[PDB]
Amino acid sequence: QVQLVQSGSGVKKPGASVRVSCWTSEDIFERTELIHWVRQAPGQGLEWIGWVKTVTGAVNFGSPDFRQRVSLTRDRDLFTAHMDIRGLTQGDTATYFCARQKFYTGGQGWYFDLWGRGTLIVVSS
Amino acid sequence: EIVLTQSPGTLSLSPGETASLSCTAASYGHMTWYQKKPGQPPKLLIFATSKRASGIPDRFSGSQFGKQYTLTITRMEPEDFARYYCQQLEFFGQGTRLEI
Amino acid sequence: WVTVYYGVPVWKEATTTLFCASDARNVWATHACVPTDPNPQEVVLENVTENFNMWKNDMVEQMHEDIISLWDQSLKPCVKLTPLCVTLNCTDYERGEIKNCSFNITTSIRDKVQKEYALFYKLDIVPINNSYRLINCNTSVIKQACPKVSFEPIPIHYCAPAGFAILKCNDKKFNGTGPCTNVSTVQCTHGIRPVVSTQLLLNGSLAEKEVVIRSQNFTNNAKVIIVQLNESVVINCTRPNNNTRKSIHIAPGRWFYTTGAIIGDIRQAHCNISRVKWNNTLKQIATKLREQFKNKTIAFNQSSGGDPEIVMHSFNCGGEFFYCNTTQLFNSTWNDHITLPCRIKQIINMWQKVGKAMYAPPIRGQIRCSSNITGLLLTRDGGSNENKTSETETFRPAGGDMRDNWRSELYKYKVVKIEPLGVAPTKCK
Amino acid sequence: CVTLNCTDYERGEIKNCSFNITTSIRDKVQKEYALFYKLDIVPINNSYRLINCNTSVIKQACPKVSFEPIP
Amino acid sequence: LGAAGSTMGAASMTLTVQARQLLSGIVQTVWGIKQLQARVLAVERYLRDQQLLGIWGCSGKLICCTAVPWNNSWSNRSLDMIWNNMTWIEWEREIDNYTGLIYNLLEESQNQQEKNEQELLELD
Amino acid sequence: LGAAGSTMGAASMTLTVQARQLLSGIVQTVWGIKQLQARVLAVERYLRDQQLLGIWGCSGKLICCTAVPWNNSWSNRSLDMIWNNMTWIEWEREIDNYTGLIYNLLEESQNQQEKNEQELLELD
Amino acid sequence: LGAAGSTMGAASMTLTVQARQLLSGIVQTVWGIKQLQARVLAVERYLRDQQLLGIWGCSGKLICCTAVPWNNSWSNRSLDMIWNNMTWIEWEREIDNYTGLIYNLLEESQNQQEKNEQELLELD
Ligand SMILES: *[C@@H]1O[C@H](CO)[C@@H](O[C@@H]2O[C@H](CO)[C@@H](O[C@@H]3O[C@H](CO[C@H]4O[C@H](CO)[C@@H](O)[C@H](O)[C@@H]4O)[C@@H](O)[C@H](O[C@H]4O[C@H](CO)[C@@H](O)[C@H](O)[C@@H]4O)[C@@H]3O)[C@H](O)[C@H]2NC(C)=O)[C@H](O)[C@H]1NC(C)=O
Ligand SMILES: *[C@@H]1O[C@H](CO)[C@@H](O[C@@H]2O[C@H](CO)[C@@H](O[C@@H]3O[C@H](CO)[C@@H](O)[C@H](O)[C@@H]3O)[C@H](O)[C@H]2NC(C)=O)[C@H](O)[C@H]1NC(C)=O
Ligand SMILES: *[C@@H]1O[C@H](CO)[C@@H](O[C@@H]2O[C@H](CO)[C@@H](O[C@@H]3O[C@H](CO)[C@@H](O)[C@H](O)[C@@H]3O)[C@H](O)[C@H]2NC(C)=O)[C@H](O)[C@H]1NC(C)=O
Ligand SMILES: *[C@@H]1O[C@H](CO)[C@@H](O[C@@H]2O[C@H](CO)[C@@H](O[C@@H]3O[C@H](CO)[C@@H](O)[C@H](O)[C@@H]3O)[C@H](O)[C@H]2NC(C)=O)[C@H](O)[C@H]1NC(C)=O
Ligand SMILES: *[C@@H]1O[C@H](CO)[C@@H](O[C@@H]2O[C@H](CO)[C@@H](O)[C@H](O)[C@H]2NC(C)=O)[C@H](O)[C@H]1NC(C)=O
Ligand SMILES: *[C@@H]1O[C@H](CO)[C@@H](O[C@@H]2O[C@H](CO)[C@@H](O)[C@H](O)[C@H]2NC(C)=O)[C@H](O)[C@H]1NC(C)=O
Ligand SMILES: *[C@@H]1O[C@H](CO)[C@@H](O[C@@H]2O[C@H](CO)[C@@H](O)[C@H](O)[C@H]2NC(C)=O)[C@H](O)[C@H]1NC(C)=O
Ligand SMILES: *[C@@H]1O[C@H](CO)[C@@H](O[C@@H]2O[C@H](CO)[C@@H](O)[C@H](O)[C@H]2NC(C)=O)[C@H](O)[C@H]1NC(C)=O
Ligand SMILES: *[C@@H]1O[C@H](CO)[C@@H](O[C@@H]2O[C@H](CO)[C@@H](O)[C@H](O)[C@H]2NC(C)=O)[C@H](O)[C@H]1NC(C)=O
Ligand SMILES: *[C@@H]1O[C@H](CO)[C@@H](O)[C@H](O)[C@H]1NC(C)=O
Ligand SMILES: *[C@@H]1O[C@H](CO)[C@@H](O)[C@H](O)[C@H]1NC(C)=O
Ligand SMILES: *[C@@H]1O[C@H](CO)[C@@H](O)[C@H](O)[C@H]1NC(C)=O
Ligand SMILES: *[C@@H]1O[C@H](CO)[C@@H](O)[C@H](O)[C@H]1NC(C)=O
Ligand SMILES: *[C@@H]1O[C@H](CO)[C@@H](O)[C@H](O)[C@H]1NC(C)=O
Ligand SMILES: *[C@@H]1O[C@H](CO)[C@@H](O)[C@H](O)[C@H]1NC(C)=O
Ligand SMILES: *[C@@H]1O[C@H](CO)[C@@H](O)[C@H](O)[C@H]1NC(C)=O
Ligand SMILES: *[C@@H]1O[C@H](CO)[C@@H](O)[C@H](O)[C@H]1NC(C)=O
Ligand SMILES: *[C@@H]1O[C@H](CO)[C@@H](O)[C@H](O)[C@H]1NC(C)=O
């Protein structure tokens, strides 16, 4: 159970943006094909947010709302990735997690082999 | 369309007996299983290919042969009374919980 | 009785290094390759079938390593830019796309250092006042391509070593996976020109009857689908301005080249693609994608992502690097020319190699390019758990992994080894 | 390959030339002198540069390496 | 490899007709390195097969006689059952599980035993 | 190559007498590279010639029997006309225009046809 | 090399039994370079020995007949005197002083003279 390092928790006012980082060890980063981001609001199941490809910075999203408000990036010199969320609402209060996939072939499906601890993002008055 | 669904959702258990969980999904394909305790990220138990994930002491296994996948949980050990989820690529199940 | 035979026509899948061959130093220094046979015709193997997998095919991996190695072999001895990685004071000459920048240059193969100026693109500039540094004048090494070295793709043929053979799948509309029922064999593959591009594939082979789309797993959104057209869509691209070049002495034996002047006015590079052919092309693609996805409305929704090398369409032209705005192409939807502004860059993060970059010398204006446009690299945009609301699938342009450009051609070939010995029972002494 | 200040010692075929040498494997650069032939010198005052201390690269033969034609 | 398309019975003539090796010989700076290695490999593969024929008591022959009876414990088929219908590609699939046994038997019966008898005949 | 100085008739014995190959075998860091390449080439040339003899039904023989009649459509000369007077160097000048035809004929008549007949004799 | 432990008489069968070459074929970036060179050497040594057998009138045989009488001017021993007691390692110690003479004689008597007679028989 290798842990990834995330930016911390905090509270934002509606309309605010948040920078969610996720740093890992150089080898852990290099052996990862995809960086996945997920959301788990209290009382909710796990929602897939999207992914950023570790080499190209290419992206894919779950909801179109994330496609419009969430920027998923990667930095190969820093061995980091970020989830930049703009336009925060109270409905976005959740624990956000970064995770990484080491799997690369057809027929394997998607994986969360590596995990950060999650960050709690609270949006309120 | 709800692509992936999970059940029983809520399970009434008696430790020492073996439990089972299942998921069904549109378009078939391989699917993984994960479990979490409150405050923690979920751990992988089952690879999408039904292979056991590293770190698990031979407690979880299952098969498909349809759009459904079912796994069992050895002896309902309380140590694993976690919230379980299925994953089919971009879709997740709503999850289930094991309770005594 | 066990009878021994030699010359038994059997084979097994095998991996071996393929021999380079040519039709007859740049990057593709094929004068080092062996010319192919005249009339290099194949053998049709009647009643022979074979099982192919374009996403397992190691021929792509070998090709990948040769193109990287050749690029480095040719760039290795060239003038470094690195000695010029200083902070410069620059002015603004669409605004100021090309800027006249200056510094008290500390190379100039002399102790008596001097002020000198050069013309650079803003695209390669990191602001640092009106001072700046180049994007790879940070933690990476920049070398300039030798002015004597062109890229020149050249069709390259790969040949099996003796004792080996290449099996080719000629089965119409084959998707690169599973059994092929039309199999023939060659010593050598056809010549495939290296293509350096993203989003849209350039001149290469076409589909036999209709556009066909291939994927290792179509339902896995982490994979790119390769679209092969049965007809091409021609595009012309230009740099409608004139320029001059200037040299800077970096080392006693090496000169670095930058733009010396902008001649005539400044004009944007751009491409012009037939609108009719493009529109028909996307309708045909959407039709086939609908068959793959049964019956959903399909839309093209422009590119997205971070780095412009992925987001913009890219291609080589002569020794020049173009990035084009394909938002004007990947549009609209079906459920039944076009002008693309472009940008020219001088610093290239080729192969997306961390820690290294190439600098391209000036071509002095008058850039004239053309291509066939033979296919697309697409990814699906998304999906997630939803409360039975709506549908429609959308696609975006993709790229950055050169192995897919190669795979789009190599999908028809497999390498096997020949095993001429075996036995069978008969009767004998 | 620096510009040096040189004196004249058939005239001055071999000359004693000097400079504040910037190599000397040190930060504390120093004046040093050397004897060179005029045949290898381009006048640049009494200053000069060597004929290949222009747009060309000069390497010195290793002192341990003879040519030795050998059949 | 055109012969690959027919049966092994048909190949009683097409092996012979095909004849030509596609290995070394008559068929035969990163690219310079790879080309040299490819040439060396073709030679190595060629010689490995020729050495096997030699040790079995075979020579530069397309068809070679043995001194080993076929063993039905390996594969029990009539001759017509294999020569007709089946191809060489299909045939070797079973023989892969017996090939090592077969080769050791060929060496002893056809060559080692025969050469020892010939030495005695030469001295006699 | 001392034999080069005489006629091909004289060479009916001097080819045999010469015997020794001047190719590979018994006769056999830029310089290291060139030496390795030279060694590989000698091997390749050697094997190409040996493989040709094998496919023709010939073996490690200096003189080999065929099953192909000489064709006067290639070159019509009496035997004395070539064996006397003419040298091997001169002789090959005409044969260069027929060599490919000759080789294909040698393979079929001497080896392919004979081996198929022998297989039948072995089963019989 | 297990056969090394016995006499050359015992080896009348153990040479044959051993059979397998430990040279090339069936037995077969500084490390890449050394491995390629080793492979080339194995080939060269293999072919040198095979070419010698060929020129002597021998082929892919473990035991080969000659046309040269043994010369007691080299080493005068009874046959039992060498086949019993002595090993092959010991035997070659004397033959090293005669090997060159022996090889030249083998080429002429067994191959060159015989091939010239066969050519005459073929024309006849
Ligand atoms: C993306 O990646 C996924 C993997 O994650 C691929 O999914 C696999 O797709 C193949 C092809 O469809 C699936 O293979 C199928 O398996 C069936 C086995 O189950 C049978 O028996 C059970 C018994 O309990 C029944 O419940 C079930 O309904 C079935 O009867 C086969 O039956 C399928 O077809 C074969 O049998 C029928 C029988 O009449 C024949 O007609 C067919 O010709 C054929 O012989 C078929 O073999 C495989 O199971 C999928 N994997 C998983 C894990 O589900 C995706 O295909 C891939 N997508 C793309 C586009 O590449
Ligand atoms: C697809 O086809 C195009 C069309 O041939 C290939 O590239 C183009 O090749 C022509 C060759 O004549 C280039 O023309 C150049 O003109 C300058 C003018 O002075 C001349 O000096 C050069 O020697 C050359 O003739 C043209 O610029 C070039 N265009 C590009 C985009 O490079 C193209 O390479 C083919 N692509 C593939 C993947 O096959
Ligand atoms: C291709 O060229 C277009 C140029 O039109 C590039 O994208 C464009 O970027 C501008 C600036 O952000 C967008 O305009 C903005 O729209 C918002 C909407 O509310 C407005 O608030 C801003 O003030 C501004 O007007 C413009 O819409 C956008 N156009 C497109 C088509 O996205 C585009 O990125 C270039 N693409 C490539 C691959 O080069
Ligand atoms: C390409 O991507 C853009 C977005 O990046 C797509 O435009 C978006 O389309 C949706 C659906 O039509 C728009 O939502 C609608 O907005 C109207 C505005 O009053 C609202 O009344 C509707 O209830 C709904 O919310 C969304 O605003 C629009 N976004 C932008 C920036 O225009 C575009 O359609 C995509 N292209 C294709 C071919 O799908
Ligand atoms: C396999 O594909 C080949 C494609 O080359 C088919 O053969 C070609 O048929 C056309 C018909 O006019 C000829 O002009 C080509 O010259 C043929 N090719 C060759 C190599 O001769 C072939 O028939 C297909 N086979 C099957 C079983 O579909
Ligand atoms: C994709 O197609 C749409 C639909 O034609 C384009 O939107 C139109 O753009 C023209 C430009 O002058 C406007 O006059 C129309 O009113 C727009 N239509 C709508 C419904 O707003 C869109 O710009 C195209 N995208 C790109 C990148 O060209
Ligand atoms: C492919 O298979 C077919 C039959 O399975 C082969 O056709 C046979 O060809 C022989 C040749 O003389 C005929 O005598 C048979 O009667 C044919 N069979 C039938 C059913 O007509 C065909 O030759 C095979 N292809 C190859 C390359 O061998
Ligand atoms: C060079 O040519 C001459 C003649 O053209 C050769 O001389 C002949 O040698 C044979 C050897 O027994 C004699 O029988 C002939 O009578 C000689 N001819 C004449 C005209 O005297 C000479 O041997 C040739 N050289 C070589 C190397 O063969
Ligand atoms: C080592 O030498 C001993 C004797 O010098 C060999 O023993 C002989 O083995 C044969 C095998 O049948 C017997 O017939 C002899 O009677 C044995 N000799 C004696 C004196 O008992 C022994 O085999 C040799 N080792 C090897 C590897 O050959
Ligand atoms: C070098 O990288 C650092 C990383 O943040 C960046 O801040 C700095 O501006 C970069 N410099 C250049 C010239 O790109
Ligand atoms: C496309 O891929 C599927 C994979 O099972 C294969 O069955 C089908 O035959 C392929 N298409 C063609 C034209 O071969
Ligand atoms: C797609 O469906 C909409 C639904 O109203 C229709 O208006 C549109 O014309 C359809 N597109 C095509 C190409 O038929
Ligand atoms: C497209 O392919 C054809 C094939 O012959 C070629 O002649 C042409 O130059 C290529 N390029 C363009 C832009 O048409
Ligand atoms: C949302 O989920 C509920 C669950 O029962 C379902 O009944 C409903 O039909 C779903 N969606 C819509 C749009 O009604
Ligand atoms: C370098 O070359 C230029 C060319 O004219 C010459 O004027 C200058 O003196 C040269 N310098 C040296 C040191 O030779
Ligand atoms: C081999 O025998 C089977 C028996 O049913 C037959 O179906 C098949 O077509 C035969 N194959 C050939 C090549 O004759
Ligand atoms: C070959 O015959 C010609 C006929 O005139 C003669 O002149 C020539 O000397 C002869 N050559 C030899 C080697 O006998
Ligand atoms: C060989 O003969 C000598 C004679 O004394 C004897 O001592 C020796 O043991 C014999 N060796 C063998 C292997 O018999």
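The deposited coordinates derive from cryo-EM, with the record listing a resolution of 4.25 Å.

Of regular secondary structure, chain C possesses four helices and 34 strands. Referenced to the eigenvectors of the C-alpha coordinate spread, the extents of chain C come out at roughly 95 × 60 × 40 Å. Summed over all atoms, the accessible surface of chain C reaches about 18,300 Å², with 47% contributed by carbon and sulfur. Here chain C carries 49 positive and 36 negative side-chain charges, and the mean point of each set is 4 Å from the other.

Of all hydrophobic cores here, the largest spans 66 residues; its most connected members are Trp11(C), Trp56(E), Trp88(E), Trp91(E) and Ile102(E). Excluding residues within four positions of it along the chain, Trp56(E) makes contact with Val4(C), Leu421(C), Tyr103(E), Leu106(E), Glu107(E), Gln110(E) and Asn111(E).

Residues and elements named next belong to chain D. On the surface, a cluster of nonpolar side chains totalling about 530 Å² of accessible area is made up of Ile14, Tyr33, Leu35, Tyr37 and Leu39. It is strand β3 (residues 30-37) that contributes the most residues to the nonpolar patch, three residues altogether. Mapped onto the elements, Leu39 comes out in the loop between β3 and β4 (41-43).

Listed per partner, the contact involves 25 residues of chain F and 18 residues of chain G. When the two sides are added together, the surface that chain F and chain G hide from each other amounts to roughly 1,900 Å², 58% of it contributed by carbon and sulfur. It is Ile26(F), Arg39(F) and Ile63(F) in chain F that bury the most area against chain G; as a group they hold 25% of the surface buried on that side. Scanning the region where chain F abuts chain G turns up two salt bridges. Notably, a salt bridge pairs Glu107(G) with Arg20(F), separated by 3.5 Å at the nearest N-O pair. Our enumeration of links across chain F and chain G arrives at ten residue pairs in polar contact. Among the secondary structure elements, those contributing two or more residues to the side of chain F that touches chain G are α1 (11-18) and α2 (30-55) of chain F.

This part covers the interface of chain E and chain C. Listed as interface residues are 52 residues of chain E and, on the opposing side, 51 residues of chain C. Among the residues chain E hides against chain C, the three largest losses belong to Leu1(E), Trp31(E) and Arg45(E). Together they make up 18% of the total. Between the two partners, chain E and chain C, sit three salt bridges. Here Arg45(E) ties to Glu419(C) by a salt bridge, and the two come within 3.0 Å at their closest N and O atoms. For the side of chain E that touches chain C, the secondary structure elements donating two or more residues are α1 (11-18), α2 (30-55), β1 (63-64), α3 (79-83), α4 (88-95) and α5 (99-123) of chain E. Top element by residues in the side of chain E that touches chain C is α2(E). It accounts for twelve residues. Classifying every residue of the side of chain E that touches chain C gives 36 nonpolar, ten polar and six charged.

Rules used in this analysis
- Residues numbered from 1 in each chain as written, not as in the entry; some residues may be left out.
- Chains lettered and ligands numbered in written order.
- Part of a larger assembly, values for the part shown.
- Heavy atoms only, no water.
- Helix = DSSP H or I, 4+ residues; strand = E, 2+ residues; numbered from the N terminus.
- Areas by Shrake-Rupley, 256 points an atom, 1.4 Å probe, with all protein chains shown as cover.
- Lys, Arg positive; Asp, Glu negative; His and termini not counted.
- Charge placed at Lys NZ, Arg CZ, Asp CG, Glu CD.
- Core = buried A, V, L, I, M, F, W, Y, C linked by side-chain atoms within 4.5 Å.
- Buried < 20%, exposed > 50% of the residue type's maximum accessible area, 1.4 Å probe, protein only.
- Contact = heavy atoms within 4.5 Å.
- Patch = residues over 30% accessible without salt bridge, like charges linked within 9 Å, V, L, I, M, F, W, Y side chains within 5 Å.
- Salt bridge = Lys/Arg side-chain N within 4 Å of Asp/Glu carboxyl O.
- Buried area = accessible area lost by both parts, 1.4 Å probe.
- Polar contact = N/O pair within 3.5 Å; in protein donor to acceptor, adjacent residues only side chain to side chain.
- Nonpolar A, V, L, I, M, F, W, Y, C, P; charged D, E, K, R; others polar.

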